[PDB]
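Residue strings, one per chain:
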Protein chains: 2
Amino acid sequence: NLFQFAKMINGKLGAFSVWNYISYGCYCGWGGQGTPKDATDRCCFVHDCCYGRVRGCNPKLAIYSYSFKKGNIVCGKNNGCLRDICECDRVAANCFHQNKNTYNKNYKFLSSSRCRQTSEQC
Amino acid sequence: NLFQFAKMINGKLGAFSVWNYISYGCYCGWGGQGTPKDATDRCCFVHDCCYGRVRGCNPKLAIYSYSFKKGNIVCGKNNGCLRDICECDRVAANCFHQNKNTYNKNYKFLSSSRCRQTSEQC
Ligand SMILES: CCCCCCCC/C=C\CCCCCCCC(N)=O
């Protein structure tokens, strides 16, 4: 769900990383507006989209099957919206590692007026 | 959207308040499994359930219209799902205020093991 995405995060992020994703960019953690200030914060957008597209079932509450073969991410059964959900997180969690180098603390807990600009479509 | 939402919490339940729903209980913050704990937790959950009902929109990424009628959150003349999403965020919000003292600091942060159970139904 999100409890997982978290562990799914920590997993490929060395435990206590989700904390750095509590409130980032215009999309990360609490957010949803203007344009993605950062690629990492863009990782977020996706995940939001990814979920946003998901047909019918609830993610915040969706409980799925996922594993970590050799410290690496792997989603279980390839059937159901769950296939989908477990995907975002995977990717997401991953997209993270993909840009952990471009992380701007100065982008932590920003303010609305930071993203007040026009939205940006998925 | 979270932001919109965020504000609400800062609004009705003072500032910095948000930071206290960042994570707490099986359903507040990052979570989504097992049964709730007390009240506050329930407050969230439903929201999630509320978010759960909705369709054709993304509560994370939606952007409704709200405002405090000088003292209490109020979702103004709507046009669709926003109508809802707002309301969702709206009450869930009021919902917290409805049970402040009941807050239990030690319920903020569970190992996702404190909930290790099956998410109930909406
Ligand atoms: C690729 C990055 C992923 C996008 C960012 C995901 C961050 C998750 C945000 C949601 C959890 C924050 C707490 C709000 C949830 C409280 C739920 C309740 N019903 O209000």
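Residues numbered from 1 in each chain as written, not as in the entry; some residues may be left out. Chains lettered and ligands numbered in written order. Heavy atoms only, no water.

Going by the annotation in the PDB entry, the name recorded for chain A is Phospholipase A2, with Vipera ammodytes meridionalis given as the source organism. Here the entry title, as the record gives it, is "Phospholipase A2 from Vipera ammodytes meridionalis". In its Catalytic activity section, UniProt records this for chain A: "a 1,2-diacyl-sn-glycero-3-phosphocholine + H2O = a 1-acyl-sn-glycero-3-phosphocholine + a fatty acid + H(+)". The Subcellular location comment attached to chain A in UniProt states, word for word, "Secreted". (UniProt positions renumbered as here; feature names shortened; annotations may be inferred.)

This paragraph deals with the overall build of chain A. Scanning chain A from terminus to terminus reveals 4 helices and 2 strands. Scanning chain A from its N terminus toward the C terminus, one meets helices and strands in the order α-α-β-β-α-α. For a compact globule of 122 residues, the expected C-alpha radius of gyration is about 14 Å, and chain A comes in at 14 Å, within 12% of that figure. With respect to the principal axes defined by its C-alpha atoms, chain A has extents near 40 × 30 × 20 Å. Of all 122 residues assigned to chain A, the portion counted as buried reaches 52%. A fraction of 62% describes how many contacts in chain A between residues 6 or more apart in sequence connect residues 24 or more apart. (Helix = DSSP H or I, 4+ residues; strand = E, 2+ residues; numbered from the N terminus. Rg over C-alpha atoms; globule rule 2.2 N^0.38 Å. Buried < 20%, exposed > 50% of the residue type's maximum accessible area, 1.4 Å probe, protein only. Contact = heavy atoms within 4.5 Å.)

Facing the 30 residues of chain B at the interface are 30 residues of chain A. Overall, the association of chain B and chain A removes approximately 2,600 Å² of surface from exposure, summing both partners, and the carbon and sulfur fraction of that is 68%. The largest share of the area that chain B buries against chain A comes from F3(B), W30(B) and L61(B), three residues that together contribute 31% of it. Run the count over chain B and chain A and you get 2 salt bridges. (Buried area = accessible area lost by both parts, 1.4 Å probe. Salt bridge = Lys/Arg side-chain N within 4 Å of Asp/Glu carboxyl O.)

Moving on, we come to the pattern of salt bridges. Using the criterion set out here, one finds 6 salt bridges over all chains in the structure. With a shortest N-O distance of 2.8 Å, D48(A) and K60(B) are connected by a salt bridge. With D48(A) in helix α2 (residues 39–53) and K60(B) in the loop between α2 (40–53) and β1 (67–69), this residue pair bridges two chains. With relative accessibility at 5%, the residue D48(A) sits in the buried group.

Residue and element names in this part refer to chain A. Within this numbering scheme, the UniProt entry marks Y27, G29, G31 and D48 as carrying the feature "binding site: Ca(2+)". A stretch of 22 residues holds the annotated residues, and the largest C-alpha distance among them is 10.2 Å, short enough that they meet in one place. In this structure, the largest pocket is lined, among the annotated residues mentioned, by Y27, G29 and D48. Tracing the backbone through its elements, the reader meets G29 in the loop between α1 (3–11) and α2. Its relative accessible area of 16% is what places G29 among the buried residues. (1 Å grid on protein atoms, 1.4 Å probe; cavity = no way out; pocket = protein on both sides within 12 Å on 5 of 7 lines; lining within 4 Å.)

One number sums up the size of the largest pocket: a volume of about 1,100 Å³. Contributing to the lining of the largest pocket are 48 residues, with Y51(A), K60(A), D48(B), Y51(B) and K60(B) lying nearest its centre. The set of elements that each furnish at least two residues to the lining of the largest pocket consists of α2 of chain A together with α1 (2–12), α2 and α3 (81–97) of chain B. The class makeup of the residues in the lining of the largest pocket is 30 nonpolar, 11 polar and 7 charged. As a volume, the second largest pocket reaches approximately 350 Å³. (Points joined across faces, edges and corners; volume = space filled by probe spheres on them. Nonpolar A, V, L, I, M, F, W, Y, C, P; charged D, E, K, R; others polar.)

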